[PDB]
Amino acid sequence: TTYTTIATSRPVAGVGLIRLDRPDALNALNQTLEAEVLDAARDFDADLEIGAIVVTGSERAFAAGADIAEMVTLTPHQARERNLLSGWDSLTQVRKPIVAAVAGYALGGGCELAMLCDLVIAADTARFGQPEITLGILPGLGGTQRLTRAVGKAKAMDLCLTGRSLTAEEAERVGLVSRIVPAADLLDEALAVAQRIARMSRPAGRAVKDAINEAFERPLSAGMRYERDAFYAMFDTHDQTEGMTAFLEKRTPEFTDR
């Protein structure tokens, strides 16, 4: 498939890479980019050879905002009738893990894109913010929901009311990102993390991702019941027997389940 706003590749075995490529717009999220990222991610999710997906931007910007030239003329009814941002919501239904590799600006919709991914690997140059209020709006893709759950009320209120950014260091300290690495090492780290995930059991990876997502949907008691049911069900798989037998036999597992 040919894309106009992104570049896709398979840079290492088992990993699909989606690189945002609107450099004139600092990778601002527009409607085309939304559809193209969703399409690419769905193709990677359907590809048996791929175990994990990486989303990244440029050295300068993961994504600096949603595209404001596109949003300025929007009305409430048009936003609702077009189901605006629903493509990004659909991205949360991809079953394989998605690793955001964030360099430079991840602002507004770009911060929200990083937060909707499963892991975030941040360059030391990464800056995370929700400056929607400065434009007379509020976040619409989880900047008030996923951010608050990750970093707490006091930091979420500061970001979303003042427009300030967090540095990568601060973001890691308060739970927004998985890891920080030097900027020159960002893509290598993200590809290595993604390949490690891709070498793991496929059904176990899906189960982990599903269960962590479910942690935000239920009270703890019900989440524990959900996780316990998922755990029992893993014992139905070939990969469970192989993984545990390999451990006990001090050898590498050969996972085969789809």
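In this text, residue numbers run from 1 along the sequence as written.
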Between 209-217 and 185-193, the record assigns the higher mean Cα B factor to 185-193
Of 150-158 and 163-171, the stretch with the higher mean C-alpha B-factor in the deposited entry is 163-171
Here the Cα B-factor of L91, set against its chain, lands in the third termed middle
Can you tell me whether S178 has a C-alpha B-factor in the lowest, middle or highest third compared with the other modelled residues of the same chain?
lowest
Cα B factor band for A204 (lowest, middle or highest third within the chain):
lowest
Ranked against its chain, the third holding the CA B-factor of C111:
lowest
Comparing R60 with the other modelled residues of its chain, is its CA B-factor in the lowest, middle or highest third?
highest
